[PDB]
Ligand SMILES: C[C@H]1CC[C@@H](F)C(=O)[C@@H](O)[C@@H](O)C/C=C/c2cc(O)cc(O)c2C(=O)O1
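Below you'll find only one chain, the form deposited without the ligand, shown as structure tokens.
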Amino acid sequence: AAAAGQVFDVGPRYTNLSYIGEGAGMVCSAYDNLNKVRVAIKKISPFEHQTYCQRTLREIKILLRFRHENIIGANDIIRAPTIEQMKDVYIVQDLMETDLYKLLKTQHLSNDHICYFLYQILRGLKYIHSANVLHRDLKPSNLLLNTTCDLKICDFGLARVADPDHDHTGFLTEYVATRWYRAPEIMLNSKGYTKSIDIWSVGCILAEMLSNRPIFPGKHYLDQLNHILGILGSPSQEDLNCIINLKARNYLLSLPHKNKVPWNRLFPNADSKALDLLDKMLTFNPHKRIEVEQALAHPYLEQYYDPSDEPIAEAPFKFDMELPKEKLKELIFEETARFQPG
């Protein structure tokens, strides 16, 4: 009994709705009457398809367990008082005006902005990684921004617990995360269960911040690899020897030789410390790729770096990655109980 454009009934607490929609259901802003601030509300309607259930549960479990200035929280979650009556779930969050994807369509960023956004991306990422979680879908639309340049990472639906022991797979194994921000190893021999997959995406985001265009816009699964290799050049023998997978190694060896395009050719207006950090994020071999704490400690970020102000999670995270649709509904109901006066 309160609509927008569908039903969007968010109790007595939240009023003066206004569409911003099509994200997960639909998104509105709304006046919060207990805190008198405007806030964002996302309506989730996932109990039909069993995969949107999994993404929803995963996202709720993470959002509630994580507490960090550069990671979007869930201030409130609204659903029916019973499982029977629960059809929709609404997640209430800090209202963030824009995201980096929308910003970059229209705005050039000064070096000071690039530096600050990157610092905040990596500060959030350090927390995430310290919990043994991988985000796995970092991209400019998953980076929210407010009018005062605060950056918050959102969308933990593809997130997983890190599992480097079980990261190997065969050549051309299908993947779900967004193509342009996929590390080379996803196409070759990785399931994306190590931390280095997120650092690659961050590197892609940096490159995008410096030029306002995706650095590796592959049209489909292997074109992505040829984009990467067209800039980085052919992998060294020693990087090839880290790929044991014969199908992947022989594929790479079949390719004509390509030299590196130097970053300063691609990004002639860029701060050279920015390009050095970029280089180290967009390293072909995931074993040699810089880690989140090394990136924060890089000279480019020296105006911000302060590890005592770069918090870590209080304990490791415990196993997303799995259950029929009816059990999932029940877990979601149980995970959201703390917001019920009930």
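Sequential numbering from 1, following the sequence displayed.
- Missing coordinates between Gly5 and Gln6 amount to 4 to 9 residues of the deposited sequence.
- The modelled chain breaks between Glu322 and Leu323, where 1 to 3 residues of the deposited sequence lack coordinates.
- Looking at 295-303 and 25-33 together, the entry lists the larger mean B-factor for 25-33, computed on C-alpha atoms.
- As recorded in the PDB entry, 44-52 is the stretch of 44-52 and 308-316 with the greater mean C-alpha temperature factor.
- The entry assigns its greatest Cα B factor, within the set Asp165, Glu185, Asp150, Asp198, to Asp165.
- For the set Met209, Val92, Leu253, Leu222, the PDB entry assigns the largest Cα B-factor to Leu222.
- Ranked by C-alpha B-factor against the other modelled residues of its chain, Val39 falls in the highest third.
- Among all modelled residues in this chain, the alpha-carbon of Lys288 has a temperature factor (C-alpha) in the lowest third.
- In the deposited entry, the Cα temperature factor of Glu84 places it in the middle third of its chain's modelled residues.
- Sorting the modelled residues of the chain by their CA temperature factor places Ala74 in the middle third.
- Compared with the other modelled residues of the chain, the Cα B-factor recorded for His108 ranks in the highest third.
Keep in mind that the form solved in complex with the ligand is missing from the display, and what follows is about it.
- Transferring the ligand from its position in the deposited complex by superimposing the C-alphas around the site places at least three ligand atoms within 2.4 angstroms of backbone or C-beta atoms here, which marks the site as blocked.
- The stretch that touches the ligand in the deposited complex, counting heavy atoms within 4.5 Å, is 135-143, out of 181-189, 135-143, 209-217, 241-249.
- Contact annotation: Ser272 falls outside 4.5 Å of the ligand in the deposited complex, judged by heavy atom distances.
- For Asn259, no non-hydrogen atom is located within 4.5 Å of the ligand in the deposited complex, even though that partner is not displayed.
- Not displayed here, the ligand is kept clear of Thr82 by more than 4.5 Å at the level of heavy atoms in the deposited complex.
- For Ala313, no non-hydrogen atom is located within 4.5 Å of the ligand in the deposited complex, even though that partner is not displayed.
- Residue-level contacts in the deposited complex: of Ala131, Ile205, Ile199, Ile72, one residue has a heavy atom within 4.5 Å of the ligand, and it is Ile72.
- This chain is displayed alone, yet in the deposited complex one of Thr98, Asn226, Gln107, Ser236 has a heavy atom within 4.5 Å of the ligand; that residue is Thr98.
- Counting a residue when any of its non-hydrogen atoms is within 4.5 Å of the ligand in the deposited complex, the hits in 35-61 run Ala40, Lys42.
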